[PDB]
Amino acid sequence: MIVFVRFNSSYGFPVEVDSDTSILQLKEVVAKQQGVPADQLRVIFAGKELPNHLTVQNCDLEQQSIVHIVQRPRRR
């Protein structure tokens, strides 16, 4: 699958994932891109904040889903 990952942007970049990809691994893509620690990131999908240990097969993510990755803490 491709999942789109939107961080501090109007658009999400395409990420090749599979059924075994965890939310944590997904955060680490952004962590490494943006130089933010993964424990300061959160994944929001279709009004659910998804925890680190969930995998793609164990949540509602599917082909071409878009997730919004946000920073916590961050100055509002």
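Don't overthink the numbering: it's just position in the shown sequence, from 1.
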Once you work out the mean C-alpha B-factor for both 65-73 and 2-10 from the entry, which is higher? 2-10
Where does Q57 sit by CA temperature factor within its chain: lowest, middle or highest third? highest
Sorting the chain's modelled residues by C-alpha B-factor, tell me whether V30 ends up in the lowest, middle or highest third. middle
Name the third of the chain's ranked CA B-factors that contains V36, choosing lowest, middle or highest. highest
